[PDB]
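Asker: The structure's right below; bear with me while I get my questions together.
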Amino acid sequence: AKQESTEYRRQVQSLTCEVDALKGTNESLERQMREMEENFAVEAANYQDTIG
Amino acid sequence: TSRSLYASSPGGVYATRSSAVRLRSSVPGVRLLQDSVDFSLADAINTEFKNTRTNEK
Amino acid sequence: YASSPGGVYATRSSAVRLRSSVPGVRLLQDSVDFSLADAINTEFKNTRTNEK
Amino acid sequence: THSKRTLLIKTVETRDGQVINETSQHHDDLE
Amino acid sequence: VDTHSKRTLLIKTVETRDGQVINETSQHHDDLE
Amino acid sequence: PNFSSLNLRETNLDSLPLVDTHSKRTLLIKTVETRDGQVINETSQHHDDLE
Amino acid sequence: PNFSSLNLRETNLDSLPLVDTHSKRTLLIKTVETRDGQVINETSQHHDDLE
């Protein structure tokens, strides 16, 4: 368990930061989905402003 | 001077045999039933939604 | 003279379908609207009602 | 004529999106 | 001649993923068709 | 008839017998490794695999 | 022109009851009855509830 702890502290901190990087990725993927909400909206409405 | 595309099978197309690796998956077969197995009475009726237009015209 | 090719090649592909022993194919069965076909059925009633 | 008074209701029945209900009801009315 | 009934293109995704909300869209276009 | 107007759409007919698609399929593989009649290991591996 | 009798139907708006989200709640009560650590019964009660 003392030998294990020398990798386990890195495995814990890497799997923490890889979860935390997936968590900053998931908030930023919902920002890509907001910017897709604006893209489907400008596609629908601003195209019909050009028809207007 | 009209002539147009009188050719059948655009791009040479027909349903050529595919046959792959012999995958033995079980598939429990949750059917989409198809009430449009030639709903066809409806497409003879698409021709009669238009024979009704032919008689009125 | 209208030589114009009204037939476009509706491009099919079927590369050789490997061992799909990966079970992760979720079912979805989403259909059909097609409310434009009931608008066209209403335009056939309207076109007959104009022809009347 | 009685022209295309198409009431297009985009009834998107949101129990999510790819499941699946883009009901573009084209009520092509002949007013 | 008559037309322009209001083509209300209320486009709405969501997209629940894995049992969690990962976006909640609710767009509101009215197309004057 | 002037044939149309149309509602053919799947307003809650889609929203099908699709569960997510996923049956909340909580595959709890409770591996009870017993030796000599005693439990020596109890590995309870959860999968929540899509269905 | 008494149309809207067609009405190209109304094969319908179909908020039909074809739902399983409505979730298929797989309550798998895996009752592992052990004696001394040996499995004697596994009463895996699949309550297969469609909500």
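In the structure tokens, chains take the letters A, B, ... in the order shown, each chain's residues start at 1, and ligands count up from 1 in the order shown.
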Give me, as number ranges by chain, all polymer residues having an atom no more than 9 Å from segment 20-26 of chain C, counting only C-alpha atoms and skipping those fewer than 5 positions away in the same chain.
Answerer: B: 23-25; F: 18, 20-22, 49-51
Asker: Check which residues of chain F sit at most 8 Å from chain D using only C-alpha atoms, and return one row each with the closest pair of atoms and their distance in Å to one decimal, ordered by chain and rising number, as CSV.
Answerer:
residue,atom,partner,partner_atom,distance
F:2,CA,D:30,CA,7.8
F:4,CA,D:28,CA,6.2
F:5,CA,D:27,CA,3.7
F:6,CA,D:26,CA,5.4
F:7,CA,D:25,CA,4.8
F:8,CA,D:25,CA,7.2
F:9,CA,D:23,CA,4.7
F:10,CA,D:21,CA,5.2
F:11,CA,D:21,CA,5.1
F:12,CA,D:13,CA,7.0
F:14,CA,D:20,CA,5.5
F:15,CA,D:19,CA,5.3
F:16,CA,D:19,CA,7.5
Asker: Can you pull out every residue from segment 1-48 of chain F that DSSP, working from the backbone, puts in strand (DSSP E or B), and format the result as number ranges by chain?
Answerer: F: 27-35, 38-47
Asker: Could you write out chain G as a PDB file with C-alpha atoms, in the first residue's frame once it has been least-squares superposed on chain F using every ordered C-alpha pair?
Answerer:
ATOM      1  CA  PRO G   1     -58.855  23.949 -49.998  1.00  0.00           C
ATOM      2  CA  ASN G   2     -55.046  23.274 -49.829  1.00  0.00           C
ATOM      3  CA  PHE G   3     -55.720  21.159 -46.678  1.00  0.00           C
ATOM      4  CA  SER G   4     -53.410  18.427 -45.341  1.00  0.00           C
ATOM      5  CA  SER G   5     -51.455  21.434 -44.010  1.00  0.00           C
ATOM      6  CA  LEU G   6     -53.929  20.560 -41.289  1.00  0.00           C
ATOM      7  CA  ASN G   7     -53.736  17.459 -41.080  1.00  0.00           C
ATOM      8  CA  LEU G   8     -54.751  17.294 -37.400  1.00  0.00           C
ATOM      9  CA  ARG G   9     -51.246  16.248 -36.836  1.00  0.00           C
ATOM     10  CA  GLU G  10     -48.815  14.187 -36.988  1.00  0.00           C
ATOM     11  CA  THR G  11     -48.167  14.550 -33.284  1.00  0.00           C
ATOM     12  CA  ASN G  12     -46.845  11.782 -34.857  1.00  0.00           C
ATOM     13  CA  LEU G  13     -47.068   8.087 -35.873  1.00  0.00           C
ATOM     14  CA  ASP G  14     -44.387   7.977 -33.093  1.00  0.00           C
ATOM     15  CA  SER G  15     -42.145   5.060 -33.782  1.00  0.00           C
ATOM     16  CA  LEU G  16     -40.005   7.138 -31.329  1.00  0.00           C
ATOM     17  CA  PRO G  17     -36.852   5.765 -29.526  1.00  0.00           C
ATOM     18  CA  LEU G  18     -38.714   5.614 -26.115  1.00  0.00           C
ATOM     19  CA  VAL G  19     -37.808   1.903 -25.664  1.00  0.00           C
ATOM     20  CA  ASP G  20     -36.443  -0.372 -22.890  1.00  0.00           C
ATOM     21  CA  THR G  21     -37.387  -3.748 -24.575  1.00  0.00           C
ATOM     22  CA  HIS G  22     -34.627  -2.784 -26.091  1.00  0.00           C
ATOM     23  CA  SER G  23     -34.208  -4.909 -22.990  1.00  0.00           C
ATOM     24  CA  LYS G  24     -32.764  -3.702 -19.649  1.00  0.00           C
ATOM     25  CA  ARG G  25     -30.284  -6.673 -19.436  1.00  0.00           C
ATOM     26  CA  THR G  26     -29.314  -6.711 -15.725  1.00  0.00           C
ATOM     27  CA  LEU G  27     -25.991  -8.627 -16.001  1.00  0.00           C
ATOM     28  CA  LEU G  28     -25.373  -8.850 -12.201  1.00  0.00           C
ATOM     29  CA  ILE G  29     -21.827 -10.356 -11.920  1.00  0.00           C
ATOM     30  CA  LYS G  30     -21.944 -11.010  -8.117  1.00  0.00           C
ATOM     31  CA  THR G  31     -18.174 -11.651  -7.699  1.00  0.00           C
ATOM     32  CA  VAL G  32     -18.082 -13.160  -4.165  1.00  0.00           C
ATOM     33  CA  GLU G  33     -14.342 -13.155  -3.412  1.00  0.00           C
ATOM     34  CA  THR G  34     -14.035 -15.499  -0.410  1.00  0.00           C
ATOM     35  CA  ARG G  35     -10.831 -16.251   1.484  1.00  0.00           C
ATOM     36  CA  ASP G  36     -10.963 -19.659   3.295  1.00  0.00           C
ATOM     37  CA  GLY G  37     -14.840 -19.411   2.981  1.00  0.00           C
ATOM     38  CA  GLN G  38     -15.232 -15.904   4.543  1.00  0.00           C
ATOM     39  CA  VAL G  39     -16.477 -13.160   2.147  1.00  0.00           C
ATOM     40  CA  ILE G  40     -13.670 -10.560   1.733  1.00  0.00           C
ATOM     41  CA  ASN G  41     -15.278  -8.694  -1.217  1.00  0.00           C
ATOM     42  CA  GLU G  42     -18.603  -8.819  -3.068  1.00  0.00           C
ATOM     43  CA  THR G  43     -17.839  -6.968  -6.339  1.00  0.00           C
ATOM     44  CA  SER G  44     -21.470  -7.018  -7.608  1.00  0.00           C
ATOM     45  CA  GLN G  45     -20.860  -5.591 -11.122  1.00  0.00           C
ATOM     46  CA  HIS G  46     -24.346  -4.484 -12.301  1.00  0.00           C
ATOM     47  CA  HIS G  47     -23.821  -4.066 -16.049  1.00  0.00           C
ATOM     48  CA  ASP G  48     -27.163  -2.279 -16.625  1.00  0.00           C
ATOM     49  CA  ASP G  49     -27.280  -2.747 -20.396  1.00  0.00           C
ATOM     50  CA  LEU G  50     -30.258  -1.316 -22.440  1.00  0.00           C
ATOM     51  CA  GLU G  51     -30.109  -3.436 -25.676  1.00  0.00           C
TER      52      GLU G  51
END
Asker: With only C-alpha atoms considered, list every residue of chain A at most 12 Å from chain E, as JSON, numbers by chain.
Answerer: {"A": [23, 25, 26, 27, 28, 29, 30, 31, 32, 33, 34, 35, 36, 37, 38, 39, 40, 41, 42, 43, 44, 45, 46, 47, 48, 49, 50, 51, 52]}
Asker: Export, as a short mmCIF file (atom, residue, chain, number, x, y, z; two decimals), in the first residue's frame, the selected residues with C-alpha atoms.
Answerer:
data_model
loop_
_atom_site.label_atom_id
_atom_site.label_comp_id
_atom_site.auth_asym_id
_atom_site.auth_seq_id
_atom_site.Cartn_x
_atom_site.Cartn_y
_atom_site.Cartn_z
CA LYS A 23 -16.51 18.41 -17.14
CA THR A 25 -15.59 19.72 -22.06
CA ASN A 26 -19.29 19.00 -21.25
CA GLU A 27 -20.04 22.66 -20.23
CA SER A 28 -18.20 23.70 -23.46
CA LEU A 29 -20.17 21.09 -25.50
CA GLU A 30 -23.40 22.64 -24.18
CA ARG A 31 -21.82 25.95 -25.45
CA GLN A 32 -21.48 24.23 -28.87
CA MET A 33 -25.20 23.22 -28.48
CA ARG A 34 -26.16 26.87 -27.63
CA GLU A 35 -24.19 28.01 -30.69
CA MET A 36 -26.08 25.26 -32.62
CA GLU A 37 -29.41 26.65 -31.22
CA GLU A 38 -28.42 30.04 -32.70
CA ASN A 39 -27.32 28.28 -35.98
CA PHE A 40 -30.69 26.41 -36.45
CA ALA A 41 -32.47 29.65 -35.48
CA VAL A 42 -30.58 31.96 -37.91
CA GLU A 43 -30.98 29.16 -40.55
CA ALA A 44 -34.77 29.16 -40.03
CA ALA A 45 -35.47 32.89 -39.40
CA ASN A 46 -32.68 34.91 -41.15
CA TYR A 47 -33.19 32.85 -44.35
CA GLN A 48 -36.87 33.96 -44.20
CA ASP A 49 -35.66 37.58 -43.57
CA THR A 50 -33.87 37.16 -46.93
CA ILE A 51 -37.18 35.82 -48.34
CA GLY A 52 -38.78 38.94 -46.68
#
Asker: Mind dumping a table of every chain B residue within 12 Å of chain F, with the nearest atom pair and its distance in Å to one decimal, using only C-alpha atoms, sorted by chain and rising number, as a Markdown table?
Answerer:
| residue | atom | partner | partner_atom | distance |
| --- | --- | --- | --- | --- |
| B:30 | CA | F:17 | CA | 10.0 |
| B:31 | CA | F:17 | CA | 11.5 |
| B:32 | CA | F:16 | CA | 11.0 |
| B:45 | CA | F:3 | CA | 11.2 |
| B:46 | CA | F:3 | CA | 9.9 |
| B:48 | CA | F:3 | CA | 11.1 |
| B:49 | CA | F:3 | CA | 7.3 |
| B:50 | CA | F:3 | CA | 9.9 |
| B:52 | CA | F:1 | CA | 8.8 |
| B:53 | CA | F:1 | CA | 9.4 |
| B:56 | CA | F:1 | CA | 11.2 |
Asker: Pull out every residue of chain C that has at least one atom within 10 Å of chain F, counting only C-alpha atoms, and report them as a PDB file with N, CA, C and O atoms, in the first residue's frame.
Answerer:
ATOM      1  N   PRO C  23     -23.215  -4.725 -29.832  1.00  0.00           N
ATOM      2  CA  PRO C  23     -24.668  -4.733 -29.644  1.00  0.00           C
ATOM      3  C   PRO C  23     -25.288  -3.332 -29.484  1.00  0.00           C
ATOM      4  O   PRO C  23     -26.501  -3.219 -29.359  1.00  0.00           O
ATOM      5  N   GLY C  24     -24.480  -2.264 -29.443  1.00  0.00           N
ATOM      6  CA  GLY C  24     -24.891  -0.903 -29.057  1.00  0.00           C
ATOM      7  C   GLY C  24     -25.806  -0.148 -30.036  1.00  0.00           C
ATOM      8  O   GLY C  24     -25.810   1.082 -30.034  1.00  0.00           O
ATOM      9  N   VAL C  25     -26.489  -0.845 -30.944  1.00  0.00           N
ATOM     10  CA  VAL C  25     -27.448  -0.249 -31.884  1.00  0.00           C
ATOM     11  C   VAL C  25     -28.793  -0.072 -31.176  1.00  0.00           C
ATOM     12  O   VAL C  25     -29.599  -1.001 -31.129  1.00  0.00           O
ATOM     13  N   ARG C  26     -29.016   1.096 -30.558  1.00  0.00           N
ATOM     14  CA  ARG C  26     -30.334   1.434 -29.987  1.00  0.00           C
ATOM     15  C   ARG C  26     -31.405   1.434 -31.083  1.00  0.00           C
ATOM     16  O   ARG C  26     -31.146   1.895 -32.194  1.00  0.00           O
ATOM     17  N   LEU C  27     -32.627   1.044 -30.726  1.00  0.00           N
ATOM     18  CA  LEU C  27     -33.796   1.230 -31.578  1.00  0.00           C
ATOM     19  C   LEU C  27     -34.317   2.673 -31.476  1.00  0.00           C
ATOM     20  O   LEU C  27     -34.382   3.228 -30.381  1.00  0.00           O
ATOM     21  N   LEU C  28     -34.687   3.244 -32.621  1.00  0.00           N
ATOM     22  CA  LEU C  28     -35.560   4.407 -32.814  1.00  0.00           C
ATOM     23  C   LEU C  28     -36.381   4.135 -34.087  1.00  0.00           C
ATOM     24  O   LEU C  28     -35.915   3.377 -34.947  1.00  0.00           O
ATOM     25  N   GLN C  29     -37.629   4.600 -34.147  1.00  0.00           N
ATOM     26  CA  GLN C  29     -38.610   4.229 -35.185  1.00  0.00           C
ATOM     27  C   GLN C  29     -39.462   5.440 -35.599  1.00  0.00           C
ATOM     28  O   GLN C  29     -40.689   5.416 -35.576  1.00  0.00           O
ATOM     29  N   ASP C  30     -38.762   6.550 -35.809  1.00  0.00           N
ATOM     30  CA  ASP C  30     -39.316   7.896 -35.857  1.00  0.00           C
ATOM     31  C   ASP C  30     -39.828   8.210 -37.283  1.00  0.00           C
ATOM     32  O   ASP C  30     -39.048   8.267 -38.236  1.00  0.00           O
ATOM     33  N   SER C  31     -41.149   8.351 -37.455  1.00  0.00           N
ATOM     34  CA  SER C  31     -41.799   8.570 -38.762  1.00  0.00           C
ATOM     35  C   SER C  31     -43.216   9.151 -38.591  1.00  0.00           C
ATOM     36  O   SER C  31     -43.863   8.858 -37.592  1.00  0.00           O
ATOM     37  N   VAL C  32     -43.820   9.847 -39.563  1.00  0.00           N
ATOM     38  CA  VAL C  32     -43.382  10.050 -40.963  1.00  0.00           C
ATOM     39  C   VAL C  32     -43.473  11.503 -41.459  1.00  0.00           C
ATOM     40  O   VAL C  32     -42.755  11.825 -42.400  1.00  0.00           O
ATOM     41  N   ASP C  33     -44.306  12.346 -40.828  1.00  0.00           N
ATOM     42  CA  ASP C  33     -44.713  13.718 -41.223  1.00  0.00           C
ATOM     43  C   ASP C  33     -43.704  14.453 -42.140  1.00  0.00           C
ATOM     44  O   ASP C  33     -42.613  14.823 -41.707  1.00  0.00           O
ATOM     45  N   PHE C  34     -43.943  14.609 -43.452  1.00  0.00           N
ATOM     46  CA  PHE C  34     -45.088  14.225 -44.316  1.00  0.00           C
ATOM     47  C   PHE C  34     -46.430  14.968 -44.178  1.00  0.00           C
ATOM     48  O   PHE C  34     -47.251  14.808 -45.075  1.00  0.00           O
ATOM     49  N   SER C  35     -46.566  15.986 -43.327  1.00  0.00           N
ATOM     50  CA  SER C  35     -47.715  16.916 -43.366  1.00  0.00           C
ATOM     51  C   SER C  35     -47.790  17.724 -44.669  1.00  0.00           C
ATOM     52  O   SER C  35     -48.885  18.063 -45.112  1.00  0.00           O
ATOM     53  N   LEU C  36     -46.683  17.827 -45.418  1.00  0.00           N
ATOM     54  CA  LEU C  36     -46.680  18.321 -46.799  1.00  0.00           C
ATOM     55  C   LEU C  36     -47.475  17.424 -47.771  1.00  0.00           C
ATOM     56  O   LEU C  36     -48.065  17.946 -48.709  1.00  0.00           O
ATOM     57  N   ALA C  37     -47.561  16.110 -47.545  1.00  0.00           N
ATOM     58  CA  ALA C  37     -48.418  15.223 -48.333  1.00  0.00           C
ATOM     59  C   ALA C  37     -49.913  15.450 -48.041  1.00  0.00           C
ATOM     60  O   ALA C  37     -50.705  15.499 -48.976  1.00  0.00           O
ATOM     61  N   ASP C  38     -50.276  15.793 -46.805  1.00  0.00           N
ATOM     62  CA  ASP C  38     -51.648  16.177 -46.440  1.00  0.00           C
ATOM     63  C   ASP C  38     -52.016  17.619 -46.813  1.00  0.00           C
ATOM     64  O   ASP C  38     -53.150  17.880 -47.231  1.00  0.00           O
ATOM     65  N   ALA C  39     -51.016  18.496 -46.912  1.00  0.00           N
ATOM     66  CA  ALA C  39     -51.127  19.770 -47.610  1.00  0.00           C
ATOM     67  C   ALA C  39     -51.336  19.569 -49.120  1.00  0.00           C
ATOM     68  O   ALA C  39     -52.332  20.064 -49.627  1.00  0.00           O
ATOM     69  N   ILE C  40     -50.620  18.642 -49.771  1.00  0.00           N
ATOM     70  CA  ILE C  40     -50.825  18.276 -51.187  1.00  0.00           C
ATOM     71  C   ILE C  40     -52.186  17.592 -51.424  1.00  0.00           C
ATOM     72  O   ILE C  40     -52.895  17.960 -52.356  1.00  0.00           O
ATOM     73  N   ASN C  41     -52.664  16.748 -50.505  1.00  0.00           N
ATOM     74  CA  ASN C  41     -54.026  16.196 -50.540  1.00  0.00           C
ATOM     75  C   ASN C  41     -55.092  17.293 -50.387  1.00  0.00           C
ATOM     76  O   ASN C  41     -56.160  17.232 -51.002  1.00  0.00           O
ATOM     77  N   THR C  42     -54.799  18.327 -49.597  1.00  0.00           N
ATOM     78  CA  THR C  42     -55.646  19.516 -49.460  1.00  0.00           C
ATOM     79  C   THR C  42     -55.555  20.428 -50.686  1.00  0.00           C
ATOM     80  O   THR C  42     -56.592  20.810 -51.208  1.00  0.00           O
ATOM     81  N   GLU C  43     -54.396  20.542 -51.332  1.00  0.00           N
ATOM     82  CA  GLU C  43     -54.220  21.204 -52.628  1.00  0.00           C
ATOM     83  C   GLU C  43     -54.882  20.437 -53.778  1.00  0.00           C
ATOM     84  O   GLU C  43     -55.426  21.075 -54.672  1.00  0.00           O
ATOM     85  N   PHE C  44     -55.023  19.109 -53.713  1.00  0.00           N
ATOM     86  CA  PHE C  44     -55.832  18.334 -54.661  1.00  0.00           C
ATOM     87  C   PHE C  44     -57.337  18.538 -54.444  1.00  0.00           C
ATOM     88  O   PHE C  44     -58.054  18.747 -55.423  1.00  0.00           O
ATOM     89  N   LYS C  45     -57.799  18.655 -53.189  1.00  0.00           N
ATOM     90  CA  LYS C  45     -59.176  19.093 -52.882  1.00  0.00           C
ATOM     91  C   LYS C  45     -59.428  20.527 -53.346  1.00  0.00           C
ATOM     92  O   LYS C  45     -60.438  20.758 -54.003  1.00  0.00           O
ATOM     93  N   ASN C  46     -58.489  21.443 -53.121  1.00  0.00           N
ATOM     94  CA  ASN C  46     -58.583  22.840 -53.545  1.00  0.00           C
ATOM     95  C   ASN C  46     -58.536  22.960 -55.068  1.00  0.00           C
ATOM     96  O   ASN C  46     -59.424  23.571 -55.633  1.00  0.00           O
ATOM     97  N   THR C  47     -57.669  22.207 -55.748  1.00  0.00           N
ATOM     98  CA  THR C  47     -57.579  22.219 -57.216  1.00  0.00           C
ATOM     99  C   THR C  47     -58.834  21.628 -57.854  1.00  0.00           C
ATOM    100  O   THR C  47     -59.418  22.310 -58.683  1.00  0.00           O
ATOM    101  N   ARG C  48     -59.422  20.571 -57.269  1.00  0.00           N
ATOM    102  CA  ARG C  48     -60.760  20.097 -57.663  1.00  0.00           C
ATOM    103  C   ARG C  48     -61.858  21.120 -57.384  1.00  0.00           C
ATOM    104  O   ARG C  48     -62.844  21.168 -58.103  1.00  0.00           O
ATOM    105  N   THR C  49     -61.767  21.826 -56.261  1.00  0.00           N
ATOM    106  CA  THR C  49     -62.755  22.841 -55.873  1.00  0.00           C
ATOM    107  C   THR C  49     -62.639  24.087 -56.748  1.00  0.00           C
ATOM    108  O   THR C  49     -63.673  24.610 -57.124  1.00  0.00           O
ATOM    109  N   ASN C  50     -61.455  24.398 -57.281  1.00  0.00           N
ATOM    110  CA  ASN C  50     -61.272  25.364 -58.361  1.00  0.00           C
ATOM    111  C   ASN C  50     -61.820  24.816 -59.681  1.00  0.00           C
ATOM    112  O   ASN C  50     -62.711  25.435 -60.227  1.00  0.00           O
ATOM    113  N   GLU C  51     -61.533  23.557 -60.030  1.00  0.00           N
ATOM    114  CA  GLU C  51     -62.066  22.906 -61.238  1.00  0.00           C
ATOM    115  C   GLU C  51     -63.625  22.797 -61.198  1.00  0.00           C
ATOM    116  O   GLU C  51     -64.269  23.035 -62.220  1.00  0.00           O
ATOM    117  N   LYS C  52     -64.240  22.731 -59.999  1.00  0.00           N
ATOM    118  CA  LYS C  52     -65.693  22.895 -59.752  1.00  0.00           C
ATOM    119  C   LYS C  52     -66.180  24.357 -59.717  1.00  0.00           C
ATOM    120  O   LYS C  52     -67.280  24.647 -60.171  1.00  0.00           O
TER     121      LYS C  52
END
Asker: Can you tell me, as a list in words, what residues are no more than 9 Å from residue 31 of chain D when counting only C-alpha atoms, ignoring any on the same chain fewer than 2 positions away?
Answerer: residues 1, 2, 3, 4, 5 and 29 of chain D; 1, 2 and 3 of chain E
Asker: Expressed in Å to a single decimal, how great is the separation between atom CA of residue 10 of chain B and atom CA of residue 8 of chain C?
Answerer: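 Pair atom CA of residue 10 of chain B / atom CA of residue 8 of chain C returns 7.6 Å.
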